[PDB]
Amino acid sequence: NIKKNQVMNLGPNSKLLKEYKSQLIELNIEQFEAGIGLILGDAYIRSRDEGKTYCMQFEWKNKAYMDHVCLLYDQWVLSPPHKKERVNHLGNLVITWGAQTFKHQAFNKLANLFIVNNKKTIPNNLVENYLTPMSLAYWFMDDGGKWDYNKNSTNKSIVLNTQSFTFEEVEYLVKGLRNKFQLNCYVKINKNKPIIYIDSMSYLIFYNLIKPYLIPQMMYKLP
């Protein structure tokens, strides 16, 4: 069987590469569960055909996290992250790291979880039926944060920046989180957009759910 090391430098159309990809059939349990959090989060799952295959594109500032993810999707990621250095309209230099997996049908499973009546969206029962503590941990490392950033604060309330979703979508996410994890949470507004507020009352619950998956360089997001 073809070893990843054997094709991680060939052309995208290489014969050996495709043979390699045919050795792979599906994502494992982690890759899938974390996948859910990443898609709700900062990851991007796209298809260049009509849905035959999907790949995942990653871009984050924190390099340590970018590596944790790549290492997680190891078999699916041929190259190390690429340093991206761009200039703003201001003339400032912003640095970030890029990376992605190759396309493969094994990714369709994750993608279809976010497809209804043929349009990307947030299904009503996504939380209840698929979001696991691992998924939640990754959603947090991506869009999570504190409610109160003031110095010397004691409020343990957490937040999930769901600003790119519609209020209806977030309302369903909230319902799922309350029912499945008994989390005391509710939608709030920021920039006239949806964010999830999780009362400090449930911090300890929330924390123990995701603690097994967060990494050191992400612990700063917690109160």
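Heads up, when I say rigid core I mean the largest set of C-alphas that superpose within 1.5 Å between the two forms. Residue numbers run from 1 along the displayed sequence.
Engineer: Between 93-101 and 116-124, where do the CA atoms move more in 4 other deposited structures of this protein, taking the root mean square over the structures and residues after a core fit?
Structural biologist: If we average over structures and residues in 4 other deposited structures of this protein, the farther stretch is 116-124.
Engineer: Comparing 167-175 with 46-54, where is the mean C-alpha B-factor higher?
Structural biologist: Between 46-54 and 167-175, it is 46-54 that shows the higher mean C-alpha B-factor.
Engineer: Can you let me know which of the two, 203-211 or 8-16, has the higher average C-alpha B-factor in the entry?
Structural biologist: Between 203-211 and 8-16, it is 8-16.
Engineer: Would you mind finding, among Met141, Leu126, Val77, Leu90, the residue with the largest C-alpha temperature factor in the entry?
Structural biologist: Top of the list by C-alpha B-factor: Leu90.
Engineer: Ranking the modelled residues of this chain by C-alpha B-factor as given in the entry, is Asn118 in the lowest, middle or highest third?
Structural biologist: Ranked within chain, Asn118 CA B lands in the highest tercile.
Engineer: Using only modelled residues of the chain, where does the Cα B factor of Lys63 rank: lowest third, middle third or highest third?
Structural biologist: It falls in the middle third of the chain.
Engineer: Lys83's Cα B-factor: lowest, middle or highest third of the chain?
Structural biologist: Its C-alpha B-factor belongs to the highest third of this chain's values.
Engineer: Relative to the other modelled residues of the same chain, rank the CA B-factor of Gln100 and answer lowest, middle or highest third.
Structural biologist: For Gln100, whose C-alpha B-factor we compare with every modelled residue in the chain, the answer is the lowest third.
Engineer: Considering only modelled residues of the same chain, in which third does the CA B-factor of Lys193 rank: lowest, middle or highest?
Structural biologist: Bottom third by C-alpha B-factor.
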